[PDB]
There are 2 protein chains.
Amino acid sequence: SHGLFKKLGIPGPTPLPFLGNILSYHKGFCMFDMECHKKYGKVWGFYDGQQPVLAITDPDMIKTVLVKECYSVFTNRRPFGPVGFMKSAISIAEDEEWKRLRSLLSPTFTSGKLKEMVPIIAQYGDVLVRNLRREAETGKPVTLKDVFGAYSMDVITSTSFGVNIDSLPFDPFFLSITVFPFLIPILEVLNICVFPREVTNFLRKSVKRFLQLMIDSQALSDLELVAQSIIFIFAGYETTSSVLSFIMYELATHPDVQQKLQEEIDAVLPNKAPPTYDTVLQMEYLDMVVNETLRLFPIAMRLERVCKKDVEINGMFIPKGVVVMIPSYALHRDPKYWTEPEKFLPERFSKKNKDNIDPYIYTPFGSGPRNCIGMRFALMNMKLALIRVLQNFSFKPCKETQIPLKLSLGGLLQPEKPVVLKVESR
Amino acid sequence: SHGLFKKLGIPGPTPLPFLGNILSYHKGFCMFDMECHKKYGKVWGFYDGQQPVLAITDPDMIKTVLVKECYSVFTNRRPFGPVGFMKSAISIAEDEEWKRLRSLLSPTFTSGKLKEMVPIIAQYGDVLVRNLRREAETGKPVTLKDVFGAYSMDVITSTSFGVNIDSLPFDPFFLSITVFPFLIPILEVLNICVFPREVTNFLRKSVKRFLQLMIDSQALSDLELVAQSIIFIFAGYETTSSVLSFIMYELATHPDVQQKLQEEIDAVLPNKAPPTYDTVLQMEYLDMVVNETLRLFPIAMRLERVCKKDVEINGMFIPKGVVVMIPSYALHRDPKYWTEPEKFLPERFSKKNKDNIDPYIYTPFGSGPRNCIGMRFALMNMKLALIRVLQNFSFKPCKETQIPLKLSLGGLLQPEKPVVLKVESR
Ligand code: HEM
Ligand code: HEM
Ligand SMILES: O=C(NCCCc1cccnc1)[C@@H](Cc1ccccc1)SC[C@H](Cc1ccccc1)NC(=O)C(F)(F)F
Ligand SMILES: O=C(NCCCc1cccnc1)[C@@H](Cc1ccccc1)SC[C@H](Cc1ccccc1)NC(=O)C(F)(F)F
């Protein structure tokens, strides 16, 4: 099984027995792909344990896989286990089960359903400013992800089910998953779960204890309703808090961008006006700061699809079973598309330059029928948070602020040291 | 996973944890299904370990599964492992891989390719008579499957590759397969094989050391060419020898049928004429003896298909993943279709009665696009053997002959004691 890429004439690092190329993950996925992209070029291959993975970087080939041939050949991502009842989760479900869920949960983030959330989300931002107003009178550094995640958790529990909460689950084992994918069926029969069975049991009843748009379209079951809640509750918590952490870091280390951002926020919203739906989509420099940070830090790093039958896309044969992977972190930093790629420059996304950008190289939300379902909510949730917070505070680095910011070497685009900055009240 | 049939309102025996209903296999598949068919009726369910299996006995529902909805929903049989390179075997392959092989190997048993085999098969029958002429001058009982299998092996090696050979591989572990189907992926990474690795290695080179119709249509690979050879070499050996054993047993315990058979053999072939292709299809009492024996002893017992997506066939919902099984042994002995079913009566298949028989109850060769590919060869190979042997010898029971014949309790319709009879020369 380790000769598939030598057979196909597809270059790539030489795998070791059993381990495949997993030892190269010692610098993390990101550094690995970046090197691989430089070592072999437009297409290479490797082996996650015994699993052959093909990395494509051709925008037409990517558009073919993510969009053109999704419903037919590349419907599902890499199998993930032990999952248990979470197999029915939309990010985990496959084939006709997924198509049903993706239709049943699509009308949750329509342009109208989000517009009803702006008056509701506008409460915890004041809880966020007032929670930030207490640790700023105190002249001390601040952990952003804590106060952001506390904010983000307030939003996710209320935008889906609605609960007024003032928020003042969760290399190690998965290392054995990839060399022992034959052990995943073992763990599924032991009720073993990558999600600890006390975190889910806390919710296998708490959900019985978006929510409205599920039973109303019930068709849909009940234990699957809990599993979708878990996906959303994580997605809205971690992703929103993590990217907001990255954004406030970049604003602090690039102060000119921060002021020019505060100037537009007070122009569209004078006298510190409440951000409404229509004023959020008007702030284009806000959008430029958001996109550029997502370029440097696509939390997902990679987009993956399982080839489910033999194909010959764009002149290249791809055999059945190969996991097709798009190195998103690698593409977002390729000098063959980005001038001075490591530098933070939101002017890449101005309406003067936003057209020299291939939407199949910059894919922080995926593409095609399987892209991020809550893309429009996450942009709206973050922008309402950046408006309300940059309307009241400025952000400076501290002595303990990590500069340059080191990325983690795990499986999530997280910083090594938590992001701490000084906050000052305008 | 053990409540699927209580949910669906489908009756069946109560399963034990982990074991499912496997403990009921203590009397063998046949007795189990026969009881289940009587206990619950037209449809029941059970659990092979954790695997839900639905047993259908409705001829329209069977015709729906085997024929009408084969290419769409019921393409593949129950997964079988550890197989190794034998995963590419046609009886084991799935989905588009199977469709390719079934097309590439279909023109091996055409009406013309078989007609070229009659002059070739006509040699070892004389080796069979002369091998039987030596242990008949000796007034002693005879093991039929030995001299039949020696004959059958002579035919299979020459009808496919061609080798003049005078022939004077192979409850226990699989018991753990069904309660540990999660262990099949484990064994596939250890090169562990249900076919001992020295039997295949004897052939992983011997085939490099039907055969003509494979490279000529090479498309087709080479390690897969060996795997198809293994399937055919087993199929032609064991099945042919085993059914011939059953046929000579039934002729001995029912002597009137044997004489009436010898009378037709000498009528179509006077002076002990060599059986040709066209004279074999003329002997209708020969065909009646063959069909009736296959009714009592369908070596396969069961036909199985894996439901690969939700369906509602003939008013019954069937969920994704359920193994749909047709209890062939049970149906061939159902009094609601067969008068006095345990009695050997070839007159069921005369042209006066052959029309009161549903070809979706009597299915000794399956049905639909996945039926026995070598059905026409096996009938021809056996009939050429019965003609040449009943033209020279008669068969009487011995003191050690097992009467009534006990079936084995394993996973193949084999007799407990080998079939031994006395042979006399005409
Ligand atoms: C900055 C914020 C976010 C980013 C960058 C992001 C990014 C992504 C990416 C790259 C994918 C994979 C796309 C693909 O495979 O083609 C994805 C999938 C997904 N995202 Fe997000 N996401 C964010 C926030 C959210 C939020 C708030 C939710 C709320 C429910 C969410 C729900 C999902 C789901 C359910 C999927 C699976 C899609 C499917 O299987 O149909 N995401 N996301
Ligand atoms: C008395 C002799 C035989 C009987 C009763 C018999 C019976 C059967 C049955 C019941 C099936 C399954 C059909 C289904 O699942 O719907 C099958 C499959 C098969 N048989 Fe036979 N068989 C016999 C001899 C042979 C011979 C001589 C060959 C020679 C190659 C052969 C090759 C196969 C193959 C390859 C399959 C798998 C079909 C597929 O997956 O496409 N059989 N047989
Ligand atoms: O649900 C999962 N993530 C997407 C859910 C929320 C989200 C996060 C980021 C952005 N948007 C949405 C993965 C595990 C998980 C975690 C928490 C709750 C419940 C479950 S399991 C399936 C994932 C496929 C996948 C990964 C990242 C993003 C999108 C989709 N596969 C792997 O992580 C693999 F190991 F193969 F690399
Ligand atoms: O190849 C296999 N048999 C069919 C091949 C020849 C044949 C025999 C009888 C009549 N015709 C043709 C089975 C194992 C095997 C044995 C010998 C060589 C190589 C391989 S493996 C796949 C089988 C599906 C299956 C079973 C019986 C008949 C037809 C098809 N599945 C199981 O036996 C399961 F355990 F699920 F119950």
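Here Cβ is always computed from backbone atoms with ideal geometry, including for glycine, and neighbour counts include all displayed protein chains. What follows is calculated from the coordinates using simple rules that are stated; it is not laboratory data.
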Two-site FRET efficiency, A:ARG204 against A:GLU347, from Cβ-Cβ distance with R₀ of 45 Å, rounded to 0.05: 0.40
Which listed pairs, of A:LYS308/B:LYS309; A:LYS63/A:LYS113; A:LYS7/A:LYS320; B:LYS145/B:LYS406; A:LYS115/A:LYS352; B:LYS115/B:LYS208, have C-alpha distances above 19 Å, in listed order: A:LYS63/A:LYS113; A:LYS115/A:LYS352; B:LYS115/B:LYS208
Coil-residue trypsin sites (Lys or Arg not before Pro) of segment A:293-392, DSSP, other Cβ within 10 Å capped at 11: A:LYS336, A:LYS343, A:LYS351, A:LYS352
B:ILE299 versus B:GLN123: modelled label distance in nm, points set 7 Å from Cα along the beta carbon direction: 2.3 nm
Relative intensity, log₁₀ I(q)/I(0), of segment A:93-172 from a Debye sum that treats every alpha carbon as a point, q = 0.17, 0.18 Å⁻¹: -0.82, -0.86
Label zone at A:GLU116 (point 7 Å along Cα-to-Cβ), backbone N below 12 Å, segment A:186-219: A:210-214, A:216
Dipole of segment A:342-415 [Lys/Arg +1, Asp/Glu -1 at C-beta], most positive-end residue of A:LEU384, A:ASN371, A:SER408: A:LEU384
Those GluC sites (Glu not before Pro) in segment A:83-124 that DSSP places in a loop and that have at most 16 other beta carbons within 10 Å: A:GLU94, A:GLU116
Cα-based radius of gyration of segment A:264-331 once divided by 2.2 N^0.38 Å, which approximates compact folds: 1.87
Whole-angstrom Cα spans of segment A:123-227 along principal axes, big to small: 55, 40, 18
Phi-based couplings in Hz for segment B:326-333 (Karplus 6.51, -1.76, 1.60; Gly and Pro marked x): 10, x, 4, 4, 5, 5, 5, 10
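Rounded to the nearest 0.05, what FRET efficiency do A:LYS6 and A:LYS406 have when you use their Cβ-Cβ distance and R0 = 41 Å?
0.70
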Student exercise, the protein assembly as shown dipole from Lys, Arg, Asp, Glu Cβ charges, in Debye to nearest 20: 340 debye
Point-charge dipole on Cβ atoms (K/R +1, D/E -1) for chain B, about Cα centre, debye to 20: 340 debye
Radius ratio Rg over Rh of chain B, counting only Cα atoms, Kirkwood formula for Rh: 0.96
Chymotrypsin sites (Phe, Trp or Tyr not before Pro) lying in DSSP loop within segment B:240-333, provided at most 14 other Cβ fall within 10 Å: none
Most positive-pole-ward Cα, B:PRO11, B:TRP338, B:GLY236, against dipole of chain B from beta carbon charges: B:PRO11
Computed lengthening from A:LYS320 to A:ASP358, 0.36 nm per intervening residue step minus Cα-Cα distance: 10.8 nm
Shape of segment B:34-135, Cα gyration tensor, a/c cut at 1.5: prolate
Whole-Hz ³J(HN,Hα) from phi, Karplus 6.51 cos²θ - 1.76 cosθ + 1.60, for segment B:335-350, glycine and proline x: x, 6, 9, 10, 6, 6, x, 6, 8, 7, 9, x, 5, 4, 10, 6
Structure-based [θ]222 nm, chain B - -39500 (n - 2.57) summed over DSSP H runs of at least 4, per residue, nearest 500: -11500 deg cm²/dmol
Beta carbon of chain B nearest to the axis of the rotation taking B to A, residue and angstrom distance: B:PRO185, 3
Cα-only Debye scattering, segment B:166-285: base-10 log of I(q)/I(0) at q = 0.16, 0.23 Å⁻¹: -1.00, -1.35
When the convex hull of its Cα atoms is projected in every direction, mean area for the protein assembly as shown (nm²): 40.2 nm²
Other-copy label distances relative to A:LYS309, 7 angstrom Cα-Cβ extension, nm: 1.0
Inter-part distance where segment A:281-312 and segment A:77-151 are each reduced to a Cα centre, Å: 17 Å
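Averaging the inverse of every distinct alpha carbon separation and then flipping it gives the Kirkwood radius. What is it for segment A:300-426, in angstrom units? Please report the intermediate quantities before stating the final value.
Numbers: mean 1/r = 0.0548 Å⁻¹.
About 18.2 Å, per the Kirkwood formula over Cα pairs.
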Cα-based equivalent ellipsoid of segment A:1-80: semi-axis lengths in Å, sorted from largest, via gyration tensor: 22, 15, 13
Residue exposure sequence - B:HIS37, B:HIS26 - by fewest surrounding Cβ within 10 Å: B:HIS26, B:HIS37
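Can you put A:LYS422, B:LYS27, A:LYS399 in order, fewest other beta carbons within 10 Å first?
A:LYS399, B:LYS27, A:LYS422
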